[PDB]
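Chains as they are written, first to last, in our numbering: chain A, 1 to 246; chain B, 247 to 492; chain C, 493 to 788; chain D, 789 to 837; chain E, 838 to 878.
Heads up, the beta-carbon is just placed ideally off N, CA and C, and yes, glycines get one too.
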Ligand SMILES: CCCCCCCCCCCCC/C=C/[C@H](O)[C@H](N)CO
């Protein structure tokens with residue numbers, strides 16, 4: 001009665017049989033920018049069916065010695081669908097997201113994933129150089145991975161200095177292969193400005209860390225993939241001009 | 247709450263733990279022939295406890311390469327119990343049926359049975375002879391198998407020319423070894439006449455086809471039997487005379 | 493009162509409510525708008541075909557739809573208007589030449605001889621209807637020539653004609669149609685004449701009792717409630733008119749009622765009364781493709 | 789009126805209630821007495837992280 | 838307002854065309870009515 005669940009957005013739907021809950025980040029739904037908070041004078045555009053739907057990224061294979069992955073939003077949806085085109089043609093972007101991560105496994109596999117969102121997930125350069133002119137900084141592809149998504153190098157510190165233990169203060173959810181098989185999170189627009197660019201600043205990042213490593217006996221299925229799907233909700237765009245990829 | 251179920255008829259009862267539904271064929275219960283539709287003037291007989299009960303036929307072993315079975319009704323119950331005796335002593339017979347087919351298997355076996363009823367399941371002769379004087383016709387034991395039940399030769403055409411795909415328009419039910427373990431169907435009296443003979447014309451036939459073949463890993467139980475049980479409901483007989491077996 | 497297990501069920505065995513009430517549907521169903529619903533526990537997509545019930549997941553419950561006042565028609569889908577179109581049933585060949593000294597032709601009324609209409613009227617198991625017969629009659633070349641013809645209906649039991657000018661053609665009781673070859677086709681209306689309450693095209697059983705063989709079981713399935721007699725045709729004359737004649741029969745099914753639908757036959761027909769086929773050449777209903785994941 | 793899929797959501801996209809109301813907490817929370825409860829089906833210890 | 842010129846009812850043309858559907862006897866011929874938006878089992 002509470003394990004089964006169906007989400008539906010636009011022309012897409014998602015079923016699930018073992019996930020039990022919907023984590024609403026910070027207890028607020030995605031809403032449109034009210035007039036008392038808007039700064040842009042122009043009229044934005046609100047498709048609400050061309051962009052508000054479930055885009056399914058590629059799958060990442062969970063290995064026995066994996067280290068975790070991260071995505072940036074709305075970086076992933078900048079080349080796919082009408083969302084990608086609107087974000088490439090418009091300067092001001094605003095939207096909440098609905099994340100849904102699936103990693104199914106038999107009742108004999110064991111493991112646990114931590115699926116969290118990090119508002120303003122600033123990455124860090126791993127290096128002991130203390131002068132700001134020779135210090136290492138993460139490359140562009142390492143900080144804005146894109147639809148492919150990037151992997152961690154040392155997830156215990158989330159590649160951002162902060163420990164992973166306290167990362168549970170963020171809107172998070174576990175994928176425990178004994179109880180649930182997918183985790184979902186509805187996150188609103190989290191930013192210090194009414195609108196913002198969609199190709200320069202990524203509002204937040206998604207984190208999938210295999211805390212309890214995958215373990216199974218011989219003969220079971222070795223290829224355990226993880227699939228993420230994202231639905232931008234209550235999206236607005238403004239400031240139309242020629243297409244700028246980045 | 248909906249998986250558990252108990253049927254009770256006469257002095258017999260049937261339990262079930264994983265079957266979830268009761269398919270009422272064509273949305274009509276078995277009832278007695280009303281006076282506005284009766285043609286025979288004599289008074290029929292209605293035991294209602296001697297014949298209305300669950301007769302359990304023999305079991306058929308589902309093999310890895312089985313082809314399906316069929317039974318004819320009320321052909322099966324013409325030599326067993328007071329139903330058999332009433333059908334051998336009376337000329338006019340009328341009754342609905344309650345079918346219940348059980349095929350249990352561990353949570354590691356896989357397969358699917360299609361359990362359907364075919365009103366007027368006329369069988370066909372498999373042969374390309376086009377002259378009606380040399381054409382092959384099914385023998386008596388192949389068309390009225392009896393309590394033993396007969397097996398198919400090519401179930402894709404149901405031995406009747408018609409394809410098995412559209413056979414789902416009939417009152418049917420699946421036995422999927424991952425969800426349910428038995429299927430039950432309450433079928434009323436389906437015939438173009440108020441009463442009819444019980445030894446010449448078989449109102450309908452039962453069909454059990456292994457669509458998804460049985461598959462299991464080594465070490466599991468190989469002997470997976472199928473058991474059918476039938477309960478004639480709201481039975482009437484008329485036209486009493488000496489006993490005629492056929 | 494003295495024994496009440498007999499009254500408790502007699503006054504409980506009345507008509508049991510089997511509510512499946514239908515409604516008068518004039519046009520196709522419209523749709524209602526639907527937004528996105530992010531709720532747990534309420535899943536219209538997850539079904540269970542093992543219950544024997546078909547999925548009820550409609551459009552509004554799965555994707556975000558608009559509303560449409562659907563005005564499309566559904567009248568051409570009713571079985572009345574489905575069988576309201578006449579089709580060929582049987583053709584007789586009357587060779588009234590000098591070498592064929594018979595003079596009359598006889599046709600056992602059986603619409604299971606031509607696949608076009610048989611395939612339709614065999615998708616339902618029990619049918620009850622009134623027929624509208626139409627007889628076109630031409631020569632072998634397709635010409636009309638002013639020769640008067642007599643069609644007689646010989647119900648089961650009546651004496652069938654034995655000659656061109658036999659006494660059976662007096663038709664004192666048998667209905668008969670006299671019409672010229674150069675006139676519009678002869679059309680009559682025939683009622684539901686079966687002794688049963690409905691025609692059945694499939695009769696899983698035997699007509700009579702007794703021992704039934706296993707080699708030539710030529711009597712299986714042949715229901716007598718279907719055979720409705722015979723159709724005799726002659727040319728009204730005392731001497732032979734040297735011509736080859738061909739009478740085609742078309743039947744329209746009006747005031748139709750069908751019962752217990754049936755899968756539509758896939759394998760070709762081989763016999764009239766029997767639903768035979770050949771296991772050597774099983775014609776699969778779906779044409780073959782190259783691969784499964786290569787939709788053409 | 790002529791096309792109403794556009795009005796059905798415009799008048800449905802108002803402020804959606806996201807009730808998480810807080811209260812004015814002056815001091816730390818006290819406690820209430822509790823006896824032993826031997827009951828089935830009501831388990832406050834079993835959670836699901 | 839269709840008419841029949843003969844006193845026999847089976848000579849009329851299309852006496853009454855009807856719009857009466859009842860799919861719930863072929864599509865949902867079950868005992869306990871399954872809801873459209875709930876889980877079946
Ligand atoms: C003078 C008029 C002659 C034409 C009228 C002949 C009577 C027609 C009786 C038709 C009986 C119902 C339609 C026949 C159905 C099937 O052929 C039979 N059930 C067996 O195939």
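- Per DSSP, reduced to three states, the secondary structure at residue 204 of chain A is strand.
- From the beta-carbon of residue 98 of chain A, the residues of chain C found nearer than 8 Å are 530.
- Taking a C-beta distance under 9 Å as the contact criterion, residue 271 of chain B and residue 363 of chain B qualify as a contact pair.
- Set against 8 Å, the gap from the CB of residue 667 of chain C to the closest heavy atom of ligand 1 is smaller.
- If you check the CB distance, residue 325 of chain B and residue 443 of chain B do not come in under 9 Å.
- For residue 553 of chain C, a Cβ of chain A is located within less than 9 Å of the residue's own Cβ.
- Per DSSP, the unbroken alpha helix (DSSP H) holding residue 613 of chain C starts and ends at 607-613.
- Secondary structure note for residue 142 of chain A: its alpha helix (DSSP H) is the uninterrupted segment 140-143.
- For residue 535 of chain C, the chain A residues whose C-beta falls within less than 8 Å of its own C-beta are 4, 5, 6 and 15, listed in chain order.
- Per the C-alpha coordinates, the member of C:506, C:556, C:518 and C:542 positioned closest to residue 525 of chain C is C:556.
- In the structure shown, residue 732 of chain C falls within a coil segment according to DSSP collapsed to helix, strand and coil.
- For residue 111 of chain A, no chain D residue has a Cβ inside 8 Å of its Cβ, as the nearest lies near 15 Å away.
- Ranked by how close their Cα comes to the Cα of residue 251 of chain B, the residues E:869, E:862, E:865 and E:873 have E:869 in first place.
- When C-beta distances to chain B are compared with 9 Å, the residues of the stretch 764-785 of chain C below that value are 764, 765, 766, 767, 768, 769, 770, 771, 772, 773, 774, 776, 777 and 778, in chain order.
- As the crow flies, the alpha-carbon of residue 615 of chain C is around 20 Å from that of residue 601 of chain C.
- Contact between residue 201 of chain A and residue 114 of chain A is absent: CB atoms are separated by about 25 Å, not below the 8 Å threshold.
- Within the same chain, and ignoring the five residues on either side of residue 58 of chain A in sequence, no residue has its Cβ closer than 6 Å to its Cβ.
- In the same chain as residue 422 of chain B, and ignoring 5 residues on each side of it, the C-beta atoms closer than 6 Å to its own belong to 358, in chain order.
- The contact set of residue 556 of chain C on chain A, defined by CB atoms closer than 8 Å, consists of 8, 9, 10, 11 and 49 in chain order.
- Closer than 9 Å to the CB of residue 701 of chain C there is at least one CB belonging to chain B.
- Neighbourhood of residue 436 of chain B in chain E, by CB distance below 7 Å: empty, with the nearest CB roughly 13 Å away.
- If you look at residue 572 of chain C, you'll find it in the alpha helix (DSSP H) that goes 571-575.
- Bounds of the alpha helix (DSSP H) holding residue 330 of chain B are 327-335.
- Within the same chain, Cβ atoms closer than 6 Å to the Cβ of residue 205 of chain A are found at 70, 72, 118 and 121, the five residues on either side in sequence being excluded.
- For residue 251 of chain B, there is no enclosing alpha helix (DSSP H); the residue is found in the beta strand (DSSP E) stretching over 251-255.
- For residue 795 of chain D, the enclosing alpha helix (DSSP H) covers residues 793-798.
- Per DSSP, the unbroken beta strand (DSSP E) holding residue 258 of chain B starts and ends at 258-262.
- Ligand 1 has a heavy atom closer than 8 Å to the beta-carbon of residue 623 of chain C.
- A direct Cα-to-Cα measurement between residue 715 of chain C and residue 292 of chain B gives close to 28 Å.
- Taking C-alpha positions only, residue 278 of chain B is separated from residue 776 of chain C by approximately 42 Å.
- At a cut-off of 9 Å between beta-carbon atoms, residue 269 of chain B makes contact with chain E.
- Here the alpha carbon of residue 157 of chain A sits roughly 11 Å from the alpha carbon of residue 126 of chain A.
- With 16 or more other Cβ atoms from the protein chains shown falling within 10 Å of its own Cβ, residue 479 of chain B counts as buried.
- With contacts defined as CB atoms closer than 9 Å, residue 210 of chain A and residue 62 of chain A qualify as a contacting pair.
- Contacts with chain C at 9 Å (Cβ-Cβ) do not include residue 812 of chain D.
- Residues 255, 256, 257, 258 and 477 of the same chain have their beta carbon placed closer than 7 Å to that of residue 299 of chain B, with the five preceding and five following residues left out of the count.
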